[PDB]
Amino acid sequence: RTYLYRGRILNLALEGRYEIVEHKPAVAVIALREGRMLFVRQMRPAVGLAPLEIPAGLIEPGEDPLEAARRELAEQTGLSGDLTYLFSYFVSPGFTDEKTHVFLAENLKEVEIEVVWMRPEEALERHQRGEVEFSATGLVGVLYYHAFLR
């Protein structure tokens, strides 16, 4: 386990033959209101475009997933709500340890990055038409909706 780089949000290490990127864990929030899902878009230099995502971010020191979810929702959309933990996933276990904890937000209230309210059916349609790209969080939100929120 030798380190080649220690950065701000990631470290690059070598474990034998494997190249490993250590990354802080993240959270993502699925929120539905009047049939529209709360998506967000922002310039992502890593990909050179703005994919359709849902409110998400890195867990700060001292924070547990639930608290980070509350914070990211408020900072990105100015909203607050009743949060329920759904599930988690490793974004790409073949090279990084980034783990994402997904929550559902209900009873949204305005308490205070482009906010994109859109019907999940439309988001999926646009993507199929090649008009927009998805981040893992955006796709998970869309599929979760079709599976359990209709």
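In case it trips you up, residue 1 is the first one in the sequence shown, and so on.
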item	value
Gap size between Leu83 and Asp82, counted in deposited residues that the entry leaves unmodelled	none
Mean temperature factor over C-alpha atoms, higher-scoring stretch between 12-20 and 133-141	12-20
Higher-B stretch (mean Cα B-factor, as the entry records it), 35-43 or 121-129	121-129
C-alpha B-factor winner, where the candidates are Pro51, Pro55, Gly48, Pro65	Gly48
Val111, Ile30, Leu86, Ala26, ranked by C-alpha B-factor: the highest one	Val111
B-factor third for the C-alpha atom of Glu106 within its chain	highest
